[PDB]
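Novice: One structure, pasted below without further comment.
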There are 4 protein chains.
Amino acid sequence: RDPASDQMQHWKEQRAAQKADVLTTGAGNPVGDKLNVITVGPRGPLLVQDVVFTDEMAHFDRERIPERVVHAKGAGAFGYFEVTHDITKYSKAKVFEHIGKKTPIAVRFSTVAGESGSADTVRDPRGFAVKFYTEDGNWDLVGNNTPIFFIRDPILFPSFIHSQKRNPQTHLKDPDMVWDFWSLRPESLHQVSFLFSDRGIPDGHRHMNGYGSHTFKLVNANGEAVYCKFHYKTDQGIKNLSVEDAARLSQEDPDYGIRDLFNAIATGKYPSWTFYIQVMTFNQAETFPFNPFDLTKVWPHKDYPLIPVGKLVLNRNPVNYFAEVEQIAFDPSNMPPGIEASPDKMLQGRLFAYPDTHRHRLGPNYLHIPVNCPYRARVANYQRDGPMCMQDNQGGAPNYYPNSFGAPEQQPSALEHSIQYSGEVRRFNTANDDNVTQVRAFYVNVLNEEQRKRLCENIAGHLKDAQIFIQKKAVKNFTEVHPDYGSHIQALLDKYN
Amino acid sequence: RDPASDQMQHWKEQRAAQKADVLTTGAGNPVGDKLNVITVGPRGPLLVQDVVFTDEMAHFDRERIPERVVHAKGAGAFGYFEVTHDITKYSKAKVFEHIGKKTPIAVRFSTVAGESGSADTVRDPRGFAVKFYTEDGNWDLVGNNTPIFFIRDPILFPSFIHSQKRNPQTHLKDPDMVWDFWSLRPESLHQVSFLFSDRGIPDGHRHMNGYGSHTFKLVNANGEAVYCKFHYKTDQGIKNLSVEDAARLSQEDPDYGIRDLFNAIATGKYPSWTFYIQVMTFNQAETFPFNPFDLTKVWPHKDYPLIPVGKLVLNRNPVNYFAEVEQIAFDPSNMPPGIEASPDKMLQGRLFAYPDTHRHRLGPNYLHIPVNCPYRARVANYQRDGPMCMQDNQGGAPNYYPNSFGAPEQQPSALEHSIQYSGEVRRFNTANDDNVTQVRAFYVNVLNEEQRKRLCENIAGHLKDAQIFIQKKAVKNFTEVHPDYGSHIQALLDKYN
Amino acid sequence: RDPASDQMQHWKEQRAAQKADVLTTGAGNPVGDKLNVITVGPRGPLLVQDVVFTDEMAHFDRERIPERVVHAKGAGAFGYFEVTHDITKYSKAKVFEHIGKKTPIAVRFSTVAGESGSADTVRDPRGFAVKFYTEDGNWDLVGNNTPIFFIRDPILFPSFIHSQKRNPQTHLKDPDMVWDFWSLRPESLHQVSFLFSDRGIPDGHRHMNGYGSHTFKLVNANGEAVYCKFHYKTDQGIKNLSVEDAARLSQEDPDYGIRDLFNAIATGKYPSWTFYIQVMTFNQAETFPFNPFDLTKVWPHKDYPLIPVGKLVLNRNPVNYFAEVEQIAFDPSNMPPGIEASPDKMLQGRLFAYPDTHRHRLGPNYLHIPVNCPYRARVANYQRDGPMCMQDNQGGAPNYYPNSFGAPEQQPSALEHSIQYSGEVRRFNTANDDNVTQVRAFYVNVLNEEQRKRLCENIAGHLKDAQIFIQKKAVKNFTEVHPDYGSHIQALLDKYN
Amino acid sequence: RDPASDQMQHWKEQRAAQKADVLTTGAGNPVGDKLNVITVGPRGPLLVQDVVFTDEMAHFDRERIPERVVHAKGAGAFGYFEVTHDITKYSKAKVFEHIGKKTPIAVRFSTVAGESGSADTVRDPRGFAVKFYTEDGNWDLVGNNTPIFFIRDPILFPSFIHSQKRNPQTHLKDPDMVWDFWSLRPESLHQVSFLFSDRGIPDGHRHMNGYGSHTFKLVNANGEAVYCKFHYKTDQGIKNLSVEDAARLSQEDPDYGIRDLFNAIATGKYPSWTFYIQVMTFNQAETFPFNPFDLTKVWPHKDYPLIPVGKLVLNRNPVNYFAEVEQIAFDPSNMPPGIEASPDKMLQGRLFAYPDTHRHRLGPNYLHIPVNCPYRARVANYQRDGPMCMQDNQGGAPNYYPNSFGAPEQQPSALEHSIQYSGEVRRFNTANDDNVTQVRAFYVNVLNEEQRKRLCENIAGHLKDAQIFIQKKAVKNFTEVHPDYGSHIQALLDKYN
Ligand SMILES: NC(=O)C1=CN([C@@H]2O[C@H](COP(=O)(O)OP(=O)(O)OC[C@H]3O[C@@H](n4cnc5c(N)ncnc54)[C@H](OP(=O)(O)O)[C@@H]3O)[C@@H](O)[C@H]2O)C=CC1
């Protein structure tokens with residue numbers, strides 16, 4: 001049988017020739033029995049003085065923690081990232097120090113929509129989270145499997161998710177809400193084209209690219225800075241499932257992703273991604289036609305060639321799923337000195353948003369869990385006593401700054417980068433930004449005829465459930481994209497209507 | 001379209017001719033805009049003084065609460081229970097006071113295994129929770145769709161669930177663990193026969209019976225007591241899905257149950273259950289062949305006729321799903337004066353187990369949520385300040401008992417019932433109890449030939465994934481049940497092997 | 001006896017001629033007894049089936065919620081705020097709409113240092129929190145009893161509190177940490193003069209002024225804006241305790257504040273504060289000598305006359321202490337359209353800081369507690385399901401924005417005010433700002449000789465416990481203030497040394 | 001200066017000749033500065049992209065955990081317990097295995113009434129918690145400084161505490177509630193005599209005895225059992241403060257206990273307690289005049305001589321207060337094989353009560369904190385994933401019992417002890433038990449005349465604040481004790497009245 005099917009047997013194979021341990025309570029008390037409760041005779045009530053039953057049950061009651069607000073489903077792995085090119089001219093970060101550096105990494109694949117226990121094979125953006133344990137602490141690159149996103153305003157992310165998830169009264173999936181929100185916000189027409197294309201349903205998790213999709217800013221040792229995007233493309237080649245094959249797999253194995261990834265890791269065919277960077281200088285950022293920090297826009301390849309940096313390989317399965325996938329925390333705020341944030345609105349939103357949900361779900365001291373703890377660095381600061389602190393709490397060191405008792409002092413070299421902006425502070429409306437150029441280029445340059453047919457078929461198949469006027473608004477936006485696009489969509493609609 | 005598909009439209013239909021309200025923050029502050037964040041110019045970073053974005057995001061982060069440890073999936077409804085017979089000779093409870101009493105009820109259907117978001121149509125015991133708002137507070141009847149259960153010892157319930165759920169390392173469903181636990185505990189051979197029979201997959205939720213399955217004890221006004229079981233059978237007739245139809249529906253609509261129940265409630269075809277009681281006197285309990293409080297045994301119909309009491313009808317959908325299904329709490333401990341607990345070990349376990357998980361998941365003051373609050377009675381006790389108390393905290397009344405300031409005093413009439421037991425207090429082993437008689441009667445009396453064929457087919461189809469020696473132990477237990485049973489199972493096994 | 005001593009008797013006096021209620025469980029089940037547990041005979045163990053004991057104990061275990069990080073001790077009251085002057089030329093807020101408006105208010109007095117249960121009469125800044133239930137939601141004015149504060153940088157507030165509180169290893173109060181932090185940050189020399197003056201220990205809570213101390217910004221109906229400060233001064237006259245009287249009261253009645261305030265409210269002598277505003281125009285803000293938004297600076301009275309607005313009166317005691325003082329939440333972010341935040345760094349910090357601790361301590365839905373709920377307005381937004389939501393969750397309304405189902409839409413009139421700033425975005429150092437002018441004016445103009453003697457005595461009495469070199473640095477800062485000041489401090493020091 | 005005054009200096013003395021560390025964020029990111037926030041120019045608002053401020057503030061907000069429901073104030077120490085006599089004839093426990101065994105121990109002193117931050121020197125029972133890290137897991141002996149307690153029924157403990165704590169409406173201490181509850185429950189007259197005697201206020205914490213006060217049961221290797229009580233008496237001699245000295249110290253140093261204990265531990269005068277056992281055989285338990293398991297009764301010394309076992313010495317201060325005193329959990333349920341619970345009602349209540357509050361306050365996985373973790377044993381069981389699990393979660397081992405993959409199996413030798421009880425299961429009333437004999441013996445045998453005078457003075461001084469009829473009921477109970485007692489109390493009363 002497959003490794004995922006012969007897991008516990010392998011455990012018995014590894015733990016041969018050693019005697020089985022003694023079943024004890026949480027507090028090391030060895031127990032008499034765990035196959036019967038204390039009673040008053042054979043047909044009598046229970047006694048409170050049966051402590052083992054009470055302890056076991058009271059710990060069993062609290063086995064669940066709040067699922068993530070988004071990307072609930074998940075499959076994780078561990079590996080090491082390796083450098084192959086010099087980019088020290090761009091960054092000071094110890095992750096790009098020299099050639100031949102092994103940095104431990106954790107990775108997690110997720111589905112933005114599906115809750116804990118849904119069928120994985122569904123038309124939804126896949127999430128690709130990477131965490132590097134750099135010598136200067138952690139770095140979290142939280143990417144999507146698409147180079148863009150539905151919206152460009154952070155204040156709309158809650159509503160968006162509310163539309164993508166179940167109904168408030170019926171508690172069902174409703175295409176009505178999804179298509180209403182999509183038609184009202186035209187800035188999404190691009191991402192929709194990506195979502196309903198052939199690359200919408202990837203082959204498990206080893207056959208899909210991953211994109212940073214955020215305009216980061218690198219600073220060199222000299223203090224100069226350039227804007228950049230991170231990419232990483234698969235070495236196993238892009239592979240995607242037909243709608244019928246995904247439909248069959250959603251019934252056969254609802255968790256095909258986790259099974260495939262685990263079988264591949266236990267088999268020895270180590271999956272690998274190649275790491276690329278797009279670089280842009282400040283003058284180019286000033287002379288770019290669109291807004292160079294808009295999340296819905298991409299950078300054309302011709303004007304911005306890719307630059308190889310390194311590769312990712314995953315060579316370890318999680319010893320336990322819960323402690324290494326359910327309890328892992330990715331903060332886009334964890335950026336080492338050498339990688340800064342930009343004026344990109346969505347990145348600014350995420351910097352504040354992520355740690356709050358991490359404190360709610362895991363616990364106020366989530367940074368002390370061994371999967372999150374930065375063991376390749378040293379933690380020393382003026383954070384103190386919180387709920388469930390598993391460390392020594394840094395002993396009796398002074399806990400106020402500044403002081404005069406030789407306490408930890410700031411590093412003057414890790415200062416941030418400064419750049420001047422001009423204009424009033426107010427609310428700017430961005431609903432008037434371009435939405436039709438890049439999607440048109442994607443339509444008439446990237447796709448062939450058969451893939452256009454499949455795309456229109458998928459969109460019509462998912463859109464046939466909406467109301468009449470939402471359908472009219474959607475097809476109006478699509479004919480705004482291109483006449484052929486809208487005409488095909490509308491034709492298949494009246495075929496379904 | 002169907003009501004579940006035309007929900008929000010109906011809302012717009014109900015709220016016609018009234019102007020749309022003003023979008024405000026949590027604290028009633030009317031907002032300027034919710035379509036853009038404060039920036040420093042058009043391409044500048046965000047400001048902290050954008051309070052609305054911070055508030056919205058920080059509330060969006062905490063939208064998830066820990067899912068139930070079991071029975072995560074759910075569909076709820078509201079109705080009223082109505083009496084049609086006099087059982088005042090048996091109970092003092094105000095729910096059975098007289099003929100013509102309308103008691104408000106909440107009901108919830110669930111699946112013991114499937115987490116939040118799985119396909120509903122699966123071979124697993126369905127849970128049937130009812131809550132009566134009796135004039136003397138709440139009463140929670142937490143039943144199964146089968147008259148029995150897998151085990152008879154409460155200390156084994158955690159392990160059982162751990163076997164029924166995902167693997168700890170691979171995080172997949174493993175038939176290995178399930179069948180190992182089932183073969184090691186022969187007391188389950190009965191329930192398995194129920195689970196893998198034709199009634200294992202019911203038709204939505206309106207086509208399945210519900211059973212209390214616990215030996216309760218009723219006490220009259222005179223103080224005399226009799227043991228009893230509660231039943232309630234559907235008026236729409238038993239209906240079940242073929243394995244192929246359930247397989248297709250698990251892909252088409254993963255939430256067929258909620259959809260069907262909601263469409264039926266909104267259509268007007270009010271589903272109804274008939275309420276029956278089995279009664280037994282103390283002498284009968286002393287002269288019963290098996291243990292009359294064993295959870296794996298049933299009471300033969302001939303010796304114990306059914307007694308009609310009333311009917312349940314569901315005539316209201318939840319106004320909001322989360323506040324009326326996600327936040328409802330059923331405690332088998334909430335039993336009004338007139339319905340007592342018995343020496344049944346599993347009922348004793350549940351009495352302590354349920355409130356603990358309810359305090360963990362919802363909150364220490366979960367009894368103040370309008371869906372749980374006993375509005376048909378008066379709450380007055382010496383419970384005080386806790387986290388998030390939404391009530392007046394009963395004002396400045398004395399908070400200690402006893403006192404001399406005319407505070408709430410105990411009701412001397414609601415005393416419990418007392419009965420003497422003989423024998424030492426110790427651990428009794430119950431693994432030597434009968435496991436083969438009732439299952440044999442179920443096999444050779446209840447079933448026809450075709451249903452036997454289907455049962456053996458289903459068991460073999462689910463068991464073909466286990467190891468060799470677990471298969472040998474399972475077929476050994478089955479041949480212990482009956483030779484034909486085991487022979488058919490083994491034949492289909494070597495066909496699959 | 002005094003009302004605070006004859007509280008519960010009065011309850012018995014109010015509830016005369018009505019029969020005592022029935023003691024019930026949380027779920028309305030009337031109980032048999034609450035003076036003995038179920039046992040197996042007279043000298044036997046307990047039974048689990050004693051549900052009432054389990055429920056009572058399990059609710060008693062969770063009676064504590066995390067105390068506030070600061071201002072733990074507290075005494076609260078309720079009243080109404082009344083207007084007496086027209087300031088509509090300055091603000092649009094419905095709280096200053098016209099003359100003769102009654103706005104319900106809640107107020108709370110606290111001590112920044114002392115934990116829950118310490119002696120109130122101590123040398124520490126007193127906190128004065130007011131909450132108006134304006135027709136456009138809540139407004140929280142969270143003031144101090146001094147017009148200034150120790151620091152001017154928000155990032156230093158944690159360290160500051162850590163110094164003011166107990167030692168990490170010994171868990172005692174240490175003057176060493178306090179005086180080290182004070183000497184290292186000279187910007188505090190002003191507030192210290194206020195803290196160790198005669199007005200440091202007020203007479204209970206009805207004999208102290210209260211100051212907004214934050215530079216707010218008002219906007220009129222025309223859209224023009226002016227900077228302002230809020231003041232409110234007592235009508236009972238400033239009264240302060242001698243160090244010996246406060247020392248005696250700290251032993252006699254550790255809670256003198258709560259007792260005095262409650263006795264005064266129950267006696268009928270309704271305490272009252274007069275509400276004043278300081279106003280400044282943008283040109284004045286540009287031509288001000290110091291930084292007009294510095295928290296350590298005041299505005300000289302001569303150049304900025306006070307403007308009366310209204311008065312506060314407290315005419316109601318809390319019906320229950322816990323539900324009306326322990327569970328009240330003041331957010332400086334709750335500012336109605338008409339009162340904006342300024343570039344004041346500390347106000348910006350507080351806007352983000354307060355709601356986070358409020359979500360941690362109370363609960364994610366703390367805005368649903370009747371003491372915090374804005375009942376004088378209407379809540380309608382796209383916030384949804386959270387832990388322990390006591391409301392109807394706004395029923396089955398659409399939960400995404402924008403939509404096309406006549407949902408709540410933004411109010412275009414409540415837009416914020418915009419003003420341009422020039423200069424790079426970076427870290428500015430403020431440790432070089434003036435610290436000696438206003439403190440010198442306070443010393444040689446405000447105080448007489450005897451009060452100077454008392455101030456120097458108090459500072460020396462509290463400073464005699466520090467190390468030698470911390471003493472040298474403190475007296476160096478004081479001689480930087482003025483030679484006589486430092487010389488007196490040093491003289492009394494060598495007297496104590 | 002004293003060690004408690006020269007703590008942090010000593011740290012600087014220990015960390016001489018090493019360079020100060022680098023101040024980093026929780027996630028190892030070294031920081032630029034912590035003395036100023038990011039602004040838009042010198043007088044501009046803050047930016048969200050200042051991550052360090054957000055992280056620091058959000059962690060500072062959650063620095064508080066719910067204080068214990070009782071015994072909030074505390075002072076802790078660490079040491080080792082050493083055996084000096086053979087009691088293997090009585091117990092099998094590895095703590096009493098042989099002579100010369102060093103078992104690590106943690107100890108904590110507390111005050112049952114005073115909240116976190118009150119003056120320690122007050123008339124209230126002191127709590128003495130000891131935790132042994134035995135080779136077979138932890139053992140928690142949670143004793144009082146008196147051999148008795150106020151009540152004998154667990155269901156009354158909440159009400160009792162509610163009376164001892166602050167008023168619900170006024171939030172003050174009220175002698176009315178305390179004396180009403182004491183007069184209504186005469187079973188307390190004994191403990192009151194102990195509480196208001198000279199030994200009510202001990203000299204710090206090194207000058208008071210400690211008593212198990214619970215009737216435990218020991219079982220030998222042979223399986224025979226005997227009832228027992230644990231005692232431990234100080235080697236520094238009983239020392240107590242006069243009411244005037246305690247009054248002065250409550251103003252001078254509110255935390256005299258922690259200061260004294262820490263100074264003594266850092267000075268080298270290692271405090272020591274001598275460990276004694278009272279033993280009783282089953283026949284003696286059957287022929288005892290009173291109820292031998294009543295919490296309000298003691299065992300006369302003459303009939304039951306003390307048996308020395310070992311001594312406790314404290315030779316280590318807590319490295320950090322919070323992680324070693326605020327986060328320590330004592331469960332009277334943690335009893336190694338060899339020390340059992342008895343039919344004592346209060347011990348049965350505590351066995352269930354303690355772990356629930358421990359799960360609420362600390363966290364569902366509180367047994368993983370290094371101060372609570374049983375490092376002298378091995379934990380291996382079927383408890384799994386919970387909130388904030390800091391361990392490896394025992395890797396991919398099977399998580400269900402029983403199984404067939406060589407998993408941890410129960411220890412058949414650690415079985416519990418069984419004994420038969422006779423009589424019905426019901427509610428027995430114990431308010432008719434003797435309350436006057438032992439208190440009379442304590443009065444006329446243990447005390448001299450001067451101590452009687454002091455006792456009556458203290459009781460009158462605390463009782464002068466109650467109502468008239470509560471005073472009459474109290475003096476009636478006291479004259480029930482003895483005529484002279486009541487007459488003295490009443491005389492001093494009319495002197496105060
Ligand atoms: N309360 C009880 O005692 C129950 C007993 N049984 C079975 O009846 C056996 C003999 O007791 P007896 O008094 O003769 O019961 P009866 O034969 O008198 O009554 C038959 C019962 O079996 C139910 N039943 C029939 N087919 C199925 C099925 N495929 N899945 C689930 N339930 C089914 C019937 O439901 P329906 O009412 O729709 O006919 C009915 O309740 C027992 O061994 C037990 O297995 C089953 C359920 C309840």
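Ordering of the structure tokens sets the chain letters (A, B, ...); residue numbers start at 1 within each chain; ligands are numbered from 1 in the order shown.
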Please determine the contact residues of chain C with respect to chain A at a cut-off of 9 Å, counting only C-alpha atoms, and supply them as number ranges by chain.

Specialist: C: 40, 45-49, 156, 158-163, 167-170, 177, 180-181, 184-185, 356, 360, 382-384, 395-404, 415-427

Novice: Restrict the selected residues to C-alpha atoms and save them as a tab-separated table (two decimals), in the first residue's frame.

Specialist:
chain	number	residue	atom	x	y	z
C	40	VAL	CA	-23.75	7.00	49.09
C	45	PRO	CA	-18.51	9.62	48.37
C	46	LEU	CA	-20.39	12.10	46.10
C	47	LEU	CA	-22.30	11.14	42.91
C	48	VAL	CA	-21.79	12.80	39.47
C	49	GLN	CA	-25.62	12.84	39.04
C	156	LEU	CA	7.36	54.21	25.52
C	158	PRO	CA	4.48	49.92	28.00
C	159	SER	CA	8.01	50.43	29.49
C	160	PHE	CA	6.66	53.38	31.56
C	161	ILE	CA	3.86	51.21	33.07
C	162	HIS	CA	6.39	48.35	33.63
C	163	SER	CA	8.50	50.82	35.70
C	167	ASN	CA	9.32	44.15	40.06
C	168	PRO	CA	9.53	41.14	37.68
C	169	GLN	CA	11.60	38.91	40.08
C	170	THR	CA	10.79	40.15	43.63
C	177	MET	CA	12.95	51.51	38.38
C	180	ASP	CA	15.71	55.52	36.73
C	181	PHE	CA	13.01	55.81	34.00
C	184	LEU	CA	16.51	59.04	31.79
C	185	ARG	CA	13.40	60.76	30.23
C	356	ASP	CA	-7.42	45.62	21.23
C	360	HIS	CA	-8.96	40.71	24.91
C	382	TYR	CA	-21.58	44.33	7.83
C	383	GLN	CA	-20.04	43.00	11.09
C	384	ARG	CA	-21.37	39.46	11.69
C	395	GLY	CA	-31.24	38.63	10.92
C	396	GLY	CA	-30.86	37.46	7.30
C	397	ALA	CA	-29.79	40.86	5.83
C	398	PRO	CA	-27.05	40.81	3.14
C	399	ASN	CA	-23.57	40.76	4.77
C	400	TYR	CA	-21.39	42.17	1.92
C	401	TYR	CA	-20.80	45.72	0.62
C	402	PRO	CA	-21.52	46.98	-1.89
C	403	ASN	CA	-24.67	45.05	-3.00
C	404	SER	CA	-27.99	45.74	-4.84
C	415	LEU	CA	-16.81	62.54	5.66
C	416	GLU	CA	-13.57	63.31	7.58
C	417	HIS	CA	-11.51	66.55	7.28
C	418	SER	CA	-8.35	66.70	5.10
C	419	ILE	CA	-5.14	68.80	5.62
C	420	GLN	CA	-1.77	68.55	3.81
C	421	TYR	CA	1.56	67.79	5.58
C	422	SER	CA	5.08	68.32	4.12
C	423	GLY	CA	8.32	66.39	4.86
C	424	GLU	CA	9.71	62.83	4.54
C	425	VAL	CA	8.25	59.77	6.36
C	426	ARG	CA	10.90	58.58	8.88
C	427	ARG	CA	11.70	58.41	12.64

Novice: Out of range 77-258 of chain B, which residues get strand (DSSP E or B) from DSSP, as a PyMOL selection string?

Specialist: chain B and resi 77-83+102-111+126-134+137-144+202-203+207+210-211+216-219+225-234+240

Novice: Taking only C-alpha atoms into account, name the residue in D:61, D:56, D:21, D:326 that is nearest to residue 354 in chain C.

Specialist: D:61

Novice: Using only C-alpha atoms and all ligand atoms, which residues have at least one atom no more than 6 Å from ligand 1? Output them as a list in words.

Specialist: residues 147, 194, 197, 198, 199, 298, 299, 300, 301, 302, 438, 439, 441, 442 and 446 of chain B

Novice: Report as a ChimeraX atom specification all protein, DNA and RNA residues lying within 12 Å of residue 242 in chain C, evaluated on only C-alpha atoms, omitting residues in the same chain fewer than 3 positions from it.

Specialist: /C:121-123,196-203,239,245-249,451,454-455,458

Novice: I'd like to know which residues of range 20-181 of chain A are helix (DSSP H, G or I) (by DSSP, run on the backbone); could you write them as a PyMOL selection string?

Specialist: chain A and resi 51-60+94-96+154-164+175-181

Novice: One decimal, in Å: what's the spacing between CA of residue 260 in chain D and CA of residue 318 in chain D?

Specialist: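 Result for CA of residue 260 in chain D versus CA of residue 318 in chain D: 14.3 Å, one decimal.
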
Novice: Could you pull the residues within 12 Å of range 132-134 of chain D, counting only C-alpha atoms, minus those fewer than 6 positions along the same chain, as a ChimeraX atom specification?

Specialist: /A:27-30 /D:78-82,93-97,101-107,140-142,312,330-332,334-338,370-378

Novice: CA of residue 476 in chain B and CA of residue 153 in chain B are how many Å apart?

Specialist: 23.0 Å

Novice: Quick one: residues within 9 Å of residue 261 in chain C, only C-alpha atoms counted, chain neighbours fewer than 4 positions away excluded, as an mmCIF file with N, CA and C atoms, in the first residue's frame?

Specialist:
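Result went into result_23.cif, see below:
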data_model
loop_
_atom_site.group_PDB
_atom_site.id
_atom_site.type_symbol
_atom_site.label_atom_id
_atom_site.label_comp_id
_atom_site.auth_asym_id
_atom_site.auth_seq_id
_atom_site.Cartn_x
_atom_site.Cartn_y
_atom_site.Cartn_z
ATOM 1 N N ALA C 75 -14.234 53.444 40.592
ATOM 2 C CA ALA C 75 -15.554 53.799 41.151
ATOM 3 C C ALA C 75 -16.352 54.544 40.081
ATOM 4 N N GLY C 76 -17.569 54.080 39.799
ATOM 5 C CA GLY C 76 -18.392 54.568 38.675
ATOM 6 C C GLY C 76 -19.674 55.237 39.128
ATOM 7 N N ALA C 77 -20.272 56.030 38.243
ATOM 8 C CA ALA C 77 -21.583 56.669 38.475
ATOM 9 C C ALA C 77 -22.256 56.974 37.137
ATOM 10 N N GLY C 204 -11.050 62.234 47.983
ATOM 11 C CA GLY C 204 -11.977 61.261 47.380
ATOM 12 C C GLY C 204 -11.968 61.399 45.870
ATOM 13 N N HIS C 205 -13.119 61.646 45.255
ATOM 14 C CA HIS C 205 -13.223 61.805 43.783
ATOM 15 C C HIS C 205 -14.075 63.013 43.394
ATOM 16 N N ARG C 206 -14.812 63.621 44.322
ATOM 17 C CA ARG C 206 -15.679 64.781 43.996
ATOM 18 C C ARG C 206 -14.892 66.087 44.120
ATOM 19 N N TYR C 256 -11.585 54.301 50.341
ATOM 20 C CA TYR C 256 -12.229 55.561 50.796
ATOM 21 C C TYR C 256 -12.952 56.241 49.626
ATOM 22 N N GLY C 257 -12.389 56.161 48.415
ATOM 23 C CA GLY C 257 -12.932 56.825 47.211
ATOM 24 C C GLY C 257 -14.332 56.339 46.878
ATOM 25 N N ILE C 265 -23.660 60.205 46.519
ATOM 26 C CA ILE C 265 -24.729 59.994 45.500
ATOM 27 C C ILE C 265 -26.017 59.576 46.214
ATOM 28 N N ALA C 266 -25.928 58.724 47.234
ATOM 29 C CA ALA C 266 -27.126 58.210 47.939
ATOM 30 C C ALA C 266 -27.664 59.269 48.908
ATOM 31 N N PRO C 271 -22.840 65.798 42.964
ATOM 32 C CA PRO C 271 -21.635 66.474 42.494
ATOM 33 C C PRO C 271 -21.815 66.970 41.053
#

Novice: Which is closest to residue 444 in chain A among A:481, A:431, A:459, A:226, if we use only C-alpha atoms?

Specialist: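 Comparing A:481, A:431, A:459, A:226 against residue 444 in chain A, the winner is A:481.
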